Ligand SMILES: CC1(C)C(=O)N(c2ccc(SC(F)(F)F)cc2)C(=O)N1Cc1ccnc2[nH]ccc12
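Okay, here we've got a single chain as C-alpha cells, the form solved without this ligand, with questions on binding and movement later.
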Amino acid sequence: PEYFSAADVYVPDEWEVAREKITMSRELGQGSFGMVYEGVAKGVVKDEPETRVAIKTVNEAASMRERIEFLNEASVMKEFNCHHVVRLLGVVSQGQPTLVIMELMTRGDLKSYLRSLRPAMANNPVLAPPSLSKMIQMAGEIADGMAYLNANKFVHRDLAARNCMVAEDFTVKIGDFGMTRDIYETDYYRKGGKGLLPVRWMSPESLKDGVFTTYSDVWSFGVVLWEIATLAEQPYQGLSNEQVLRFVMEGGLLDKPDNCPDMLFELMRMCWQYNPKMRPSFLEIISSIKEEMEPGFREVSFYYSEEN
C-alpha cells in the first residue's frame, strides 16, 4: 500500500522492554540505521534470567520517520518463530536511542565467516575446506529459514551470504534487517541509475522485469550455495555489473567452482533454471537433501514442524 497506507506511528505492546533490563557491552559495527552493539537483556528468553543479545540502534540524528521505519521493520518479525531465522527478542521505543533487541549471532555474517576460512587453511595444511556434509547442513538451514518465510508469504529480495548469520554453534540463519556490513556495499549496483540492487544475486526476471518472488529467492539461494563452495568469491568476478546484467538475462550461468561436489553444483543448476516455475521450491530443495542433514534438524526445522 502506498496511496492509502498505515500511519507513521508505533504503538508499544508486549514486545516493549524496559531500558532498565538492558546493558551495552561493546560495539559490533555500523548498521543501516545506526551502531549495532552486543549486550545483555533480562527477561527476554523463557527460563533465562539474562541473555546475551545484539542491540540495533537508530542514529540520534535520524528523523522521526526513520525511527518509525526502524520499528516498523522490527515489528514484521514479531510474528516469526523459526530456528533458522534470527529472532526478535524485544523493542525499546521509549527514550533515546530507539533500540531493537535481537538474538546474538556470535560468528557474524556468512560471507565474512567463509572468507576467514581461507587464510587459516593457507597457514595450516592440516585444515581442509568445509566438507560436503557441512556445506549441505548450511544449505538446508538456509533453505529451511527461507521455506518458513515463503510459507508466511514473505520474499527476501536480498538473499546472499552477507545476509545470512552464523551462530555460536555454527548454525546458519536468515539474518534480520539493517545488519549488512558496510564493506559489502560493493555488492550493490545503481541499476539504471536508481536504487541499490544486488545485481550479482538477482534472477533474470528480476533484472529484466523488476519482479521478485519466492522463485527469485531460490535463484539467489543458488548463488549463496556458490558462495559457500567458493569461500565467498565475488560472483561473475571477471564481469562488470553492467556485463552481469546482460550475461544473466541472456541465459548465462556461473561456472562450477573448483572442487565443488557434483550434487551441490547440480542443486545450483536447478536453482538457476531460466524459467522461474522450473526452479525447485525451498521445500523441494530440503526434501532432496533431508537424508544428509544432522539428526537434530528434524527437531528444530520448519520443514518437520506441524506448521508445514
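Only the largest set of C-alpha atoms that superpose within 1.5 Å between the two forms is called the rigid core. Just count from 1 along the sequence shown to find any residue number.
Separately, the form solved in complex with this ligand exists; it is not shown, and the next lines address it.
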- Query: For the unliganded chain shown, is the site open or blocked after superimposing this ligand from its bound pose in the entry with it bound, using a cut-off of 2.4 Å to backbone and C-beta atoms and a threshold of 3 ligand atoms?
  - Reply: blocked
- Message: I'd like to check something about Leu104: if you look in the entry with it bound, is any of its heavy atoms closer than or equal to 4.5 Å to a heavy atom of this ligand?
- Response: yes
- Is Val36 close to this ligand in the entry with it bound, meaning a heavy atom pair under 4.5 Å apart or at it? yes
- Query: Taking 4.5 angstroms as the cut-off for heavy atoms, does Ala54 touch this ligand in the entry with it bound?
  - Reply: yes
- Quick one: is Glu227 in contact with this ligand in the entry with it bound, heavy atoms, 4.5 Å cut-off? no
- Message: Just to be sure I understand the contacts: of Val218, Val92, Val86, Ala232, which is the one whose heavy atoms reach within 4.5 angstroms of this ligand in the entry with it bound?
- Response: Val86
- Within 4.5 Å of this ligand in the entry with it bound: all of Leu28, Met165 and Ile174, by heavy atom? yes
- Message: Heavy atoms within 4.5 Å of this ligand in the entry with it bound: which stretch in 28-36, 278-286, 258-266, 241-249 meets that?
- Response: 28-36
- Just give me the residues of 146-160, first to last, that have a heavy atom within 4.5 Å of this ligand in the entry with it bound. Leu149, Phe154, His156
- Query: Tell me, which of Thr230, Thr180, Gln137, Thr213 is the one whose C-alpha shifts by at least 2 Å between the shown form and the other one, with the rigid core superposed?
  - Reply: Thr180
- Compare the CA separation of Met179 and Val211 in the entry with it bound with the one in the displayed structure, and answer closer or farther (the difference is at least 3 Å). closer
- Based on a C-alpha change of 3 angstroms or more, tell me if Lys78 and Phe177 lie closer or farther in the entry with it bound than in the shown form. farther
